[PDB]
file model-v2.cif (mmCIF, N, CA and C atoms)
data_entry
#
loop_
_atom_site.label_atom_id
_atom_site.label_comp_id
_atom_site.auth_asym_id
_atom_site.auth_seq_id
_atom_site.Cartn_x
_atom_site.Cartn_y
_atom_site.Cartn_z
N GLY A 1 199.07 -148.40 34.62
CA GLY A 1 199.01 -147.07 33.89
C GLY A 1 197.58 -146.69 33.50
N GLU A 2 196.61 -146.74 34.44
CA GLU A 2 195.18 -146.36 34.22
C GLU A 2 194.48 -145.94 35.54
N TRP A 3 193.70 -144.87 35.45
CA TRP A 3 193.22 -144.15 36.62
C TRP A 3 191.69 -144.02 36.55
N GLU A 4 191.05 -144.16 37.68
CA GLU A 4 189.63 -143.94 37.75
C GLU A 4 189.32 -143.44 39.10
N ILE A 5 188.21 -142.70 39.20
CA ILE A 5 187.76 -142.22 40.46
C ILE A 5 186.76 -143.25 40.93
N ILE A 6 186.77 -143.67 42.19
CA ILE A 6 185.75 -144.63 42.67
C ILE A 6 184.95 -143.91 43.73
N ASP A 7 183.66 -144.19 43.81
CA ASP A 7 182.84 -143.44 44.73
C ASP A 7 183.13 -143.95 46.12
N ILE A 8 182.86 -143.17 47.17
CA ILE A 8 183.17 -143.68 48.50
C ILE A 8 181.96 -144.48 48.95
N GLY A 9 182.21 -145.45 49.79
CA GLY A 9 181.21 -146.38 50.25
C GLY A 9 181.95 -147.29 51.26
N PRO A 10 181.31 -148.35 51.74
CA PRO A 10 181.97 -149.24 52.69
C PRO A 10 183.33 -149.74 52.16
N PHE A 11 183.52 -149.84 50.84
CA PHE A 11 184.80 -150.32 50.37
C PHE A 11 185.90 -149.31 50.69
N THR A 12 185.73 -148.04 50.37
CA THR A 12 186.78 -147.07 50.68
C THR A 12 186.90 -146.88 52.22
N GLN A 13 185.80 -146.99 52.93
CA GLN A 13 185.85 -146.86 54.43
C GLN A 13 186.80 -147.91 54.99
N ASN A 14 186.69 -149.12 54.48
CA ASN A 14 187.57 -150.18 54.96
C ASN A 14 189.01 -149.92 54.61
N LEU A 15 189.28 -149.28 53.49
CA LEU A 15 190.66 -148.92 53.15
C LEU A 15 191.18 -147.85 54.08
N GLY A 16 190.35 -146.85 54.37
CA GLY A 16 190.76 -145.81 55.29
C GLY A 16 191.03 -146.34 56.75
N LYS A 17 190.25 -147.33 57.20
CA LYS A 17 190.53 -147.91 58.49
C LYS A 17 191.85 -148.72 58.44
N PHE A 18 192.14 -149.43 57.33
CA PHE A 18 193.40 -150.10 57.20
C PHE A 18 194.57 -149.06 57.30
N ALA A 19 194.48 -147.95 56.58
CA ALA A 19 195.53 -146.95 56.58
C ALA A 19 195.84 -146.48 58.03
N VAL A 20 194.80 -146.21 58.79
CA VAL A 20 194.95 -145.67 60.12
C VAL A 20 195.47 -146.78 61.08
N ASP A 21 194.96 -148.01 60.94
CA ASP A 21 195.54 -149.15 61.69
C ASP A 21 197.06 -149.33 61.43
N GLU A 22 197.48 -149.27 60.17
CA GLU A 22 198.86 -149.40 59.86
C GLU A 22 199.74 -148.24 60.38
N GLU A 23 199.25 -147.02 60.25
CA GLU A 23 200.03 -145.86 60.60
C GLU A 23 200.19 -145.80 62.14
N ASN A 24 199.20 -146.30 62.88
CA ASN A 24 199.20 -146.34 64.36
C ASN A 24 200.27 -147.31 64.80
N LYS A 25 200.56 -148.31 63.98
CA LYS A 25 201.60 -149.25 64.30
C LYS A 25 202.93 -148.52 64.12
N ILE A 26 202.98 -147.66 63.13
CA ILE A 26 204.20 -146.96 62.90
C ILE A 26 204.42 -145.87 63.93
N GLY A 27 203.37 -145.14 64.27
CA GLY A 27 203.44 -144.10 65.27
C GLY A 27 203.90 -142.70 64.86
N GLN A 28 204.18 -142.43 63.58
CA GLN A 28 204.77 -141.15 63.24
C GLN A 28 203.89 -139.89 63.35
N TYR A 29 202.61 -140.13 63.69
CA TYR A 29 201.64 -139.07 63.88
C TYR A 29 200.96 -139.29 65.19
N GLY A 30 201.51 -140.19 65.98
CA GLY A 30 200.92 -140.30 67.29
C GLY A 30 199.75 -141.23 67.23
N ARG A 31 198.89 -141.21 68.22
CA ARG A 31 197.80 -142.15 68.12
C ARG A 31 196.68 -141.52 67.33
N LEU A 32 196.11 -142.24 66.36
CA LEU A 32 195.10 -141.67 65.50
C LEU A 32 193.84 -142.45 65.62
N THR A 33 192.71 -141.74 65.60
CA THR A 33 191.42 -142.40 65.57
C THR A 33 190.74 -142.18 64.19
N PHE A 34 190.20 -143.23 63.60
CA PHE A 34 189.67 -143.17 62.22
C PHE A 34 188.30 -142.48 62.19
N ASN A 35 188.14 -141.44 61.39
CA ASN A 35 186.80 -140.87 61.34
C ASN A 35 186.13 -141.28 60.02
N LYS A 36 186.66 -140.86 58.87
CA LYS A 36 186.04 -141.27 57.59
C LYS A 36 186.93 -140.94 56.38
N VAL A 37 186.63 -141.52 55.22
CA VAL A 37 187.37 -141.25 53.97
C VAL A 37 186.48 -140.38 53.11
N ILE A 38 186.97 -139.26 52.57
CA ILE A 38 186.11 -138.36 51.77
C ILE A 38 186.46 -138.40 50.30
N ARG A 39 185.67 -137.75 49.48
CA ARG A 39 185.96 -137.71 48.02
C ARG A 39 187.06 -136.68 47.79
N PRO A 40 187.87 -136.78 46.74
CA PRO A 40 187.82 -137.91 45.81
C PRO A 40 188.74 -139.08 46.16
N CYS A 41 188.42 -140.26 45.70
CA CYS A 41 189.29 -141.40 45.95
C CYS A 41 189.71 -141.95 44.55
N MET A 42 191.00 -141.94 44.25
CA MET A 42 191.56 -142.39 43.00
C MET A 42 192.08 -143.84 43.11
N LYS A 43 191.79 -144.61 42.06
CA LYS A 43 192.27 -145.93 42.01
C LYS A 43 193.12 -146.10 40.74
N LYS A 44 194.32 -146.59 40.93
CA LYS A 44 195.17 -146.80 39.85
C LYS A 44 195.29 -148.31 39.59
N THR A 45 195.18 -148.68 38.32
CA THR A 45 195.48 -150.07 37.95
C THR A 45 196.89 -150.32 37.52
N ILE A 46 197.61 -151.29 38.09
CA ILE A 46 198.99 -151.48 37.66
C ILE A 46 199.06 -152.80 36.89
N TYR A 47 199.40 -152.69 35.63
CA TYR A 47 199.52 -153.84 34.75
C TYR A 47 200.95 -154.40 34.85
N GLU A 48 201.09 -155.72 34.76
CA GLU A 48 202.37 -156.46 34.65
C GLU A 48 203.29 -155.89 33.56
N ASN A 49 202.74 -155.72 32.35
CA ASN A 49 203.44 -155.04 31.26
C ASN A 49 202.58 -153.98 30.61
N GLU A 50 203.07 -152.77 30.36
CA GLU A 50 202.25 -151.74 29.70
C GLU A 50 201.68 -152.21 28.36
N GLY A 51 200.39 -151.97 28.14
CA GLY A 51 199.69 -152.41 26.92
C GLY A 51 199.17 -153.84 26.94
N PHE A 52 199.40 -154.59 28.02
CA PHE A 52 198.88 -155.96 28.10
C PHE A 52 197.91 -156.05 29.24
N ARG A 53 197.09 -157.09 29.24
CA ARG A 53 195.92 -157.20 30.11
C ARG A 53 196.11 -157.62 31.56
N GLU A 54 197.18 -158.37 31.79
CA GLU A 54 197.40 -158.98 33.08
C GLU A 54 197.60 -157.88 34.16
N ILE A 55 196.81 -158.02 35.22
CA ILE A 55 196.80 -157.03 36.29
C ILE A 55 197.72 -157.50 37.42
N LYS A 56 198.69 -156.67 37.71
CA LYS A 56 199.56 -156.93 38.85
C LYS A 56 198.95 -156.45 40.18
N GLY A 57 198.34 -155.27 40.22
CA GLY A 57 197.79 -154.91 41.51
C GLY A 57 197.15 -153.55 41.33
N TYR A 58 196.87 -152.90 42.45
CA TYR A 58 196.18 -151.60 42.34
C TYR A 58 196.84 -150.69 43.37
N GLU A 59 196.63 -149.39 43.21
CA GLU A 59 197.02 -148.44 44.25
C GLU A 59 195.83 -147.50 44.47
N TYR A 60 195.53 -147.20 45.71
CA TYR A 60 194.42 -146.33 45.99
C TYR A 60 195.01 -145.11 46.66
N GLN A 61 194.59 -143.94 46.21
CA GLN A 61 194.97 -142.65 46.85
C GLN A 61 193.80 -142.15 47.65
N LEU A 62 193.92 -142.11 48.99
CA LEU A 62 192.77 -141.65 49.74
C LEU A 62 192.97 -140.34 50.54
N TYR A 63 191.88 -139.66 50.84
CA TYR A 63 191.95 -138.52 51.78
C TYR A 63 191.19 -139.05 52.95
N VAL A 64 191.85 -139.17 54.09
CA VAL A 64 191.30 -139.81 55.29
C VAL A 64 191.30 -138.84 56.47
N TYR A 65 190.17 -138.64 57.11
CA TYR A 65 190.11 -137.86 58.35
C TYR A 65 190.42 -138.83 59.45
N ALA A 66 191.33 -138.45 60.35
CA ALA A 66 191.72 -139.23 61.55
C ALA A 66 192.04 -138.18 62.64
N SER A 67 191.44 -138.33 63.81
CA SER A 67 191.65 -137.40 64.96
C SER A 67 191.38 -136.00 64.48
N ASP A 68 190.28 -135.92 63.76
CA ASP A 68 189.85 -134.67 63.17
C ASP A 68 190.88 -133.91 62.35
N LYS A 69 191.92 -134.58 61.83
CA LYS A 69 192.81 -133.88 60.93
C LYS A 69 192.74 -134.67 59.64
N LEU A 70 193.16 -134.07 58.52
CA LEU A 70 193.08 -134.72 57.19
C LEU A 70 194.42 -135.12 56.61
N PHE A 71 194.52 -136.40 56.29
CA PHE A 71 195.78 -136.94 55.80
C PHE A 71 195.59 -137.58 54.45
N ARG A 72 196.65 -137.67 53.64
CA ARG A 72 196.59 -138.37 52.35
C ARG A 72 197.28 -139.69 52.52
N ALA A 73 196.60 -140.79 52.27
CA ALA A 73 197.27 -142.07 52.41
C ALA A 73 197.22 -142.86 51.09
N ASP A 74 198.29 -143.57 50.75
CA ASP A 74 198.30 -144.39 49.54
C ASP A 74 198.47 -145.81 49.98
N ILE A 75 197.68 -146.70 49.36
CA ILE A 75 197.67 -148.10 49.76
C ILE A 75 197.79 -148.93 48.49
N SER A 76 198.62 -149.96 48.56
CA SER A 76 198.75 -150.90 47.44
C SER A 76 197.95 -152.19 47.70
N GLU A 77 197.53 -152.86 46.63
CA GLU A 77 196.83 -154.11 46.84
C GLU A 77 197.30 -155.06 45.73
N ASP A 78 197.78 -156.23 46.14
CA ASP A 78 198.26 -157.26 45.21
C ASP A 78 197.10 -157.95 44.54
N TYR A 79 197.08 -158.01 43.21
CA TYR A 79 195.95 -158.65 42.57
C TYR A 79 195.76 -160.16 42.88
N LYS A 80 196.83 -160.91 43.02
CA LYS A 80 196.67 -162.35 43.36
C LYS A 80 196.47 -162.69 44.87
N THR A 81 197.31 -162.14 45.73
CA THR A 81 197.13 -162.47 47.16
C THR A 81 196.08 -161.70 47.93
N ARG A 82 195.65 -160.57 47.38
CA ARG A 82 194.83 -159.61 48.11
C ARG A 82 195.62 -158.92 49.21
N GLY A 83 196.91 -159.13 49.34
CA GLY A 83 197.68 -158.40 50.34
C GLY A 83 197.70 -156.87 50.17
N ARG A 84 197.65 -156.15 51.28
CA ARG A 84 197.68 -154.71 51.18
C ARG A 84 198.83 -154.15 51.95
N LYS A 85 199.37 -153.00 51.53
CA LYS A 85 200.49 -152.34 52.24
C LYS A 85 200.22 -150.82 52.28
N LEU A 86 200.47 -150.19 53.43
CA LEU A 86 200.35 -148.69 53.50
C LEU A 86 201.67 -148.20 52.79
N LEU A 87 201.58 -147.45 51.69
CA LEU A 87 202.77 -146.94 51.02
C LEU A 87 203.20 -145.56 51.64
N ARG A 88 202.24 -144.70 51.94
CA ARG A 88 202.56 -143.35 52.37
C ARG A 88 201.44 -142.77 53.22
N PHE A 89 201.78 -141.95 54.20
CA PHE A 89 200.73 -141.38 55.02
C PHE A 89 201.35 -140.00 55.39
N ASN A 90 200.79 -138.91 54.89
CA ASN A 90 201.36 -137.55 55.04
C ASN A 90 200.25 -136.54 55.41
N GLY A 91 200.61 -135.40 56.01
CA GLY A 91 199.55 -134.50 56.49
C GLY A 91 199.93 -133.73 57.74
N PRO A 92 199.06 -132.88 58.21
CA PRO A 92 197.82 -132.54 57.52
C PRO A 92 198.00 -131.90 56.19
N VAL A 93 197.03 -132.19 55.32
CA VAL A 93 197.02 -131.60 54.03
C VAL A 93 195.73 -130.78 54.03
N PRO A 94 195.66 -129.85 53.10
CA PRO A 94 194.45 -129.04 52.90
C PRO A 94 193.39 -129.86 52.22
N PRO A 95 192.15 -129.48 52.38
CA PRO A 95 191.02 -130.17 51.77
C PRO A 95 191.07 -129.98 50.28
N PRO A 96 190.64 -131.00 49.58
CA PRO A 96 190.68 -131.05 48.14
C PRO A 96 189.49 -130.19 47.72
#
call {"tool": "encode", "arguments": {"input": "model-v2.cif", "output": "structure tokens"}}
result
Amino acid sequence: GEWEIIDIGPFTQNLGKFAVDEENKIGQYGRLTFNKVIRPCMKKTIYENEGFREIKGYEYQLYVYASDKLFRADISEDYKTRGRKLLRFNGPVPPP
């Protein structure tokens, strides 16, 4: 239950390439080529219990250009394993 904007850099680029790799496995938008992740990129912190410190994981909301179209992708990341999962990939959406 906490939100921050993170600047884009190699870290968000790597998330955007993960999103496009995962969605290509799914195929619901056909074959996609990764171009780049643009601002803004939101990061949500998910705590085990509201009001306590222990971090369960994170969710990142990205705007990702792929095959020259713009999509919104959400990715989860487990705080202990570092495992990631593509939660949603929708689009084209309009530019923010």
call {"tool": "atom_distance", "arguments": {"input": "model-v2.cif", "atom1": "atom N of residue 43 (chain A)", "atom2": "CA of residue 82 (chain A)"}}
result
16.5 Å
call {"tool": "resolve_selection", "arguments": {"input": "model-v2.cif", "expression": "the PyMOL selection byres ((chain A and resi 62) around 6)", "output": "ChimeraX atom specification"}}
result
/A:40-42,60-61,63-64,71-75
call {"tool": "resolve_selection", "arguments": {"input": "model-v2.cif", "expression": "the PyMOL selection byres ((chain A and resi 1-12) around 6.5)", "output": "list in words"}}
result
residues 13, 14, 15, 16, 17, 37, 38, 39, 40, 41, 42, 43, 44, 45, 46 and 47 of chain A
call {"tool": "closest_residue", "arguments": {"input": "model-v2.cif", "among": "A:52, A:77, A:19, A:69", "to": "residue 93 (chain A)", "atoms": "all atoms listed in the file"}}
result
A:69
call {"tool": "resolve_selection", "arguments": {"input": "model-v2.cif", "expression": "the PyMOL selection byres ((chain A and resi 87) around 6)", "output": "list in words"}}
result
residues 74, 75, 76, 85, 86, 88 and 89 of chain A
call {"tool": "write_last_selection", "arguments": {"input": "model-v2.cif", "atoms": "N, CA and C atoms", "output": "JSON list (two decimals), keeping the file's coordinate frame"}}
result
[["chain", "number", "residue", "atom", "x", "y", "z"],
["A", 74, "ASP", "N", 198.29, -143.57, 50.75],
["A", 74, "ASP", "CA", 198.30, -144.39, 49.54],
["A", 74, "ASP", "C", 198.47, -145.81, 49.98],
["A", 75, "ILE", "N", 197.68, -146.70, 49.36],
["A", 75, "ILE", "CA", 197.67, -148.10, 49.76],
["A", 75, "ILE", "C", 197.79, -148.93, 48.49],
["A", 76, "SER", "N", 198.62, -149.96, 48.56],
["A", 76, "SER", "CA", 198.75, -150.90, 47.44],
["A", 76, "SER", "C", 197.95, -152.19, 47.70],
["A", 85, "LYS", "N", 199.37, -153.00, 51.53],
["A", 85, "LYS", "CA", 200.49, -152.34, 52.24],
["A", 85, "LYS", "C", 200.22, -150.82, 52.28],
["A", 86, "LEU", "N", 200.47, -150.19, 53.43],
["A", 86, "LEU", "CA", 200.35, -148.69, 53.50],
["A", 86, "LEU", "C", 201.67, -148.20, 52.79],
["A", 88, "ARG", "N", 202.24, -144.70, 51.94],
["A", 88, "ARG", "CA", 202.56, -143.35, 52.37],
["A", 88, "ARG", "C", 201.44, -142.77, 53.22],
["A", 89, "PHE", "N", 201.78, -141.95, 54.20],
["A", 89, "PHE", "CA", 200.73, -141.38, 55.02],
["A", 89, "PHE", "C", 201.35, -140.00, 55.39]]
call {"tool": "closest_residue", "arguments": {"input": "model-v2.cif", "among": "A:68, A:79, A:90, A:95", "to": "residue 32 (chain A)", "atoms": "all atoms listed in the file"}}
result
A:68
call {"tool": "atom_distance", "arguments": {"input": "model-v2.cif", "atom1": "atom N of residue 57 (chain A)", "atom2": "atom N of residue 78 (chain A)"}}
result
6.0 Å
call {"tool": "atom_distance", "arguments": {"input": "model-v2.cif", "atom1": "atom C of residue 34 (chain A)", "atom2": "CA of residue 66 (chain A)"}}
result
4.8 Å
call {"tool": "select_by_dssp", "arguments": {"input": "model-v2.cif", "residues": "chain A", "states": "helix (DSSP H, G or I)", "output": "list in words"}}
result
residues 10, 11, 12, 13, 14, 15, 16, 17, 18, 19, 20, 21, 22, 23, 24, 25 and 26 of chain A
call {"tool": "closest_residue", "arguments": {"input": "model-v2.cif", "among": "A:26, A:33, A:18, A:50", "to": "residue 67 (chain A)", "atoms": "only N, CA and C atoms"}}
result
A:33
call {"tool": "axis_aligned_box", "arguments": {"input": "model-v2.cif", "around": "region 27-45 of chain A", "padding_each_side": "5 Å", "output": "JSON"}}
result
{"center_x": 195.2, "center_y": -143.5, "center_z": 52.9, "size_x": 29.1, "size_y": 23.6, "size_z": 40.7}
call {"tool": "select_by_dssp", "arguments": {"input": "model-v2.cif", "residues": "chain A", "states": "strand (DSSP E)", "output": "ChimeraX atom specification"}}
result
/A:2-6,34-47,55-66,69-78,84-90
call {"tool": "build_atoms", "arguments": {"input": "model-v2.cif", "residues": "region 27-46 of chain A", "atoms": "N, CA, C and O atoms", "output": "PDB file, keeping the file's coordinate frame"}}
result
ATOM      1  N   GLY A  27     203.370-145.140  64.270  1.00  0.00           N
ATOM      2  CA  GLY A  27     203.440-144.100  65.270  1.00  0.00           C
ATOM      3  C   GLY A  27     203.900-142.700  64.860  1.00  0.00           C
ATOM      4  O   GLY A  27     203.906-141.834  65.712  1.00  0.00           O
ATOM      5  N   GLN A  28     204.180-142.430  63.580  1.00  0.00           N
ATOM      6  CA  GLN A  28     204.770-141.150  63.240  1.00  0.00           C
ATOM      7  C   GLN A  28     203.890-139.890  63.350  1.00  0.00           C
ATOM      8  O   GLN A  28     204.352-138.731  63.175  1.00  0.00           O
ATOM      9  N   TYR A  29     202.610-140.130  63.690  1.00  0.00           N
ATOM     10  CA  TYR A  29     201.640-139.070  63.880  1.00  0.00           C
ATOM     11  C   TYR A  29     200.960-139.290  65.190  1.00  0.00           C
ATOM     12  O   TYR A  29     199.900-138.710  65.496  1.00  0.00           O
ATOM     13  N   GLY A  30     201.510-140.190  65.980  1.00  0.00           N
ATOM     14  CA  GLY A  30     200.920-140.300  67.290  1.00  0.00           C
ATOM     15  C   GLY A  30     199.750-141.230  67.230  1.00  0.00           C
ATOM     16  O   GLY A  30     199.612-142.002  66.296  1.00  0.00           O
ATOM     17  N   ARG A  31     198.890-141.210  68.220  1.00  0.00           N
ATOM     18  CA  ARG A  31     197.800-142.150  68.120  1.00  0.00           C
ATOM     19  C   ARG A  31     196.680-141.520  67.330  1.00  0.00           C
ATOM     20  O   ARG A  31     196.361-140.344  67.588  1.00  0.00           O
ATOM     21  N   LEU A  32     196.110-142.240  66.360  1.00  0.00           N
ATOM     22  CA  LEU A  32     195.100-141.670  65.500  1.00  0.00           C
ATOM     23  C   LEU A  32     193.840-142.450  65.620  1.00  0.00           C
ATOM     24  O   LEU A  32     193.869-143.654  65.707  1.00  0.00           O
ATOM     25  N   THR A  33     192.710-141.740  65.600  1.00  0.00           N
ATOM     26  CA  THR A  33     191.420-142.400  65.570  1.00  0.00           C
ATOM     27  C   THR A  33     190.740-142.180  64.190  1.00  0.00           C
ATOM     28  O   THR A  33     190.614-141.035  63.759  1.00  0.00           O
ATOM     29  N   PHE A  34     190.200-143.230  63.600  1.00  0.00           N
ATOM     30  CA  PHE A  34     189.670-143.170  62.220  1.00  0.00           C
ATOM     31  C   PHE A  34     188.300-142.480  62.190  1.00  0.00           C
ATOM     32  O   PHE A  34     187.432-142.866  62.918  1.00  0.00           O
ATOM     33  N   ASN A  35     188.140-141.440  61.390  1.00  0.00           N
ATOM     34  CA  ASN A  35     186.800-140.870  61.340  1.00  0.00           C
ATOM     35  C   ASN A  35     186.130-141.280  60.020  1.00  0.00           C
ATOM     36  O   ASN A  35     185.133-141.979  60.048  1.00  0.00           O
ATOM     37  N   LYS A  36     186.660-140.860  58.870  1.00  0.00           N
ATOM     38  CA  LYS A  36     186.040-141.270  57.590  1.00  0.00           C
ATOM     39  C   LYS A  36     186.930-140.940  56.380  1.00  0.00           C
ATOM     40  O   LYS A  36     187.849-140.128  56.497  1.00  0.00           O
ATOM     41  N   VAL A  37     186.630-141.520  55.220  1.00  0.00           N
ATOM     42  CA  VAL A  37     187.370-141.250  53.970  1.00  0.00           C
ATOM     43  C   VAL A  37     186.480-140.380  53.110  1.00  0.00           C
ATOM     44  O   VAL A  37     185.331-140.746  52.926  1.00  0.00           O
ATOM     45  N   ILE A  38     186.970-139.260  52.570  1.00  0.00           N
ATOM     46  CA  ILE A  38     186.110-138.360  51.770  1.00  0.00           C
ATOM     47  C   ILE A  38     186.460-138.400  50.300  1.00  0.00           C
ATOM     48  O   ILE A  38     187.511-138.949  49.918  1.00  0.00           O
ATOM     49  N   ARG A  39     185.670-137.750  49.480  1.00  0.00           N
ATOM     50  CA  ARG A  39     185.960-137.710  48.020  1.00  0.00           C
ATOM     51  C   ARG A  39     187.060-136.680  47.790  1.00  0.00           C
ATOM     52  O   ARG A  39     187.211-135.808  48.594  1.00  0.00           O
ATOM     53  N   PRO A  40     187.870-136.780  46.740  1.00  0.00           N
ATOM     54  CA  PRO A  40     187.820-137.910  45.810  1.00  0.00           C
ATOM     55  C   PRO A  40     188.740-139.080  46.160  1.00  0.00           C
ATOM     56  O   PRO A  40     189.812-138.895  46.722  1.00  0.00           O
ATOM     57  N   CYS A  41     188.420-140.260  45.700  1.00  0.00           N
ATOM     58  CA  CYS A  41     189.290-141.400  45.950  1.00  0.00           C
ATOM     59  C   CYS A  41     189.710-141.950  44.550  1.00  0.00           C
ATOM     60  O   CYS A  41     188.831-142.206  43.705  1.00  0.00           O
ATOM     61  N   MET A  42     191.000-141.940  44.250  1.00  0.00           N
ATOM     62  CA  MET A  42     191.560-142.390  43.000  1.00  0.00           C
ATOM     63  C   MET A  42     192.080-143.840  43.110  1.00  0.00           C
ATOM     64  O   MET A  42     192.784-144.210  44.060  1.00  0.00           O
ATOM     65  N   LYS A  43     191.790-144.610  42.060  1.00  0.00           N
ATOM     66  CA  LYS A  43     192.270-145.930  42.010  1.00  0.00           C
ATOM     67  C   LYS A  43     193.120-146.100  40.740  1.00  0.00           C
ATOM     68  O   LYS A  43     192.702-145.768  39.616  1.00  0.00           O
ATOM     69  N   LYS A  44     194.320-146.590  40.930  1.00  0.00           N
ATOM     70  CA  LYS A  44     195.170-146.800  39.850  1.00  0.00           C
ATOM     71  C   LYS A  44     195.290-148.310  39.590  1.00  0.00           C
ATOM     72  O   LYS A  44     195.552-149.150  40.528  1.00  0.00           O
ATOM     73  N   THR A  45     195.180-148.680  38.320  1.00  0.00           N
ATOM     74  CA  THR A  45     195.480-150.070  37.950  1.00  0.00           C
ATOM     75  C   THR A  45     196.890-150.320  37.520  1.00  0.00           C
ATOM     76  O   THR A  45     197.410-149.579  36.651  1.00  0.00           O
ATOM     77  N   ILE A  46     197.610-151.290  38.090  1.00  0.00           N
ATOM     78  CA  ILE A  46     198.990-151.480  37.660  1.00  0.00           C
ATOM     79  C   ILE A  46     199.060-152.800  36.890  1.00  0.00           C
ATOM     80  O   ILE A  46     198.708-153.888  37.399  1.00  0.00           O
TER      81      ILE A  46
END
